[PDB]
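Two versions of one and the same chain are coming, encoded as structure tokens; call them structure 1 and structure 2.
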Structure 1
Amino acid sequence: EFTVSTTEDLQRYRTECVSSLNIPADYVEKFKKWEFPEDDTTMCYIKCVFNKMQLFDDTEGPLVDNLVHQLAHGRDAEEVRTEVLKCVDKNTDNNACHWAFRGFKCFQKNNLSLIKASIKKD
């Protein structure tokens, strides 16, 4: 089942991906600041994190229902879906790392932020 990711999920996934991909220390510092070079190391890191957040599958590609759940904060879901779908394409160069990262870049361009604050009516 799909659950939305928080900052703490992201921190755990970063740690796991850094370990499993043997990411160099200097990349880790950038990643902690949410700064992402457009190189293979970084693109495969983004795929790894999106995999773990169930936002991207290496065969099916971007996972739209899950992305909408992650992005919408329970509001304007059909509008969010419209925006997400603009960012969905096929694996045109047969590199799942590039595929995932292309999605991410399109999210950034369209102001679709996967990790946002939430105000709770207490």
Structure 2
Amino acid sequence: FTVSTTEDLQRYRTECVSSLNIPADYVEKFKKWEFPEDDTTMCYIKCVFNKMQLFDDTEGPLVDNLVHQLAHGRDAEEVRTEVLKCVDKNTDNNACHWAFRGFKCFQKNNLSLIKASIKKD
């Protein structure tokens, strides 16, 4: 694993939009950090996390990878504790739902951590 840069993420966005044929109105929403509760959006988030090596469709969230991605300027073990709170089983047998659910969980108390991780260092 190697941490994804801002440039890496910008590429992964356009790749997922192209590969999944995401409509233009969704792209606009994503830009404004608006993620509708629908399968279009959930599969998009899964696609991005796949490319960033933060999520595997079978194994689920890749915890150590997430910690490295998120713990810049923070305590790694504190961040690991927060990540693990959001790690769950693939209850409803849907990788798209699964990836999105962890995303939603982590945003609740760690939004600024997410946003900080995707800005140029």
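Only residues modelled in both forms are compared. Structure 1 provides the reference sequence; residues are numbered from 1 along it. Rigid core: the largest C-alpha set superposing within 1.5 Å between the two forms.
- Superposition of the core reveals a Cα shift of less than 2 Å for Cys17 between the two structures.
- Relative to the superposed core, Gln108 undergoes a Cα shift smaller than 2 Å between the two structures.
- On core superposition, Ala117 has its C-alpha offset by 4.6 angstrom between the two structures.
- For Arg75, the displacement of the CA atom between the two structures, after superposition on the rigid core, amounts to 3.6 Å.
- The protein segments that move between the two structures, counted as runs of at least three consecutive residues with every Cα displaced by 2 Å or more relative to the fitted core, are 32 to 34, 112 to 122.
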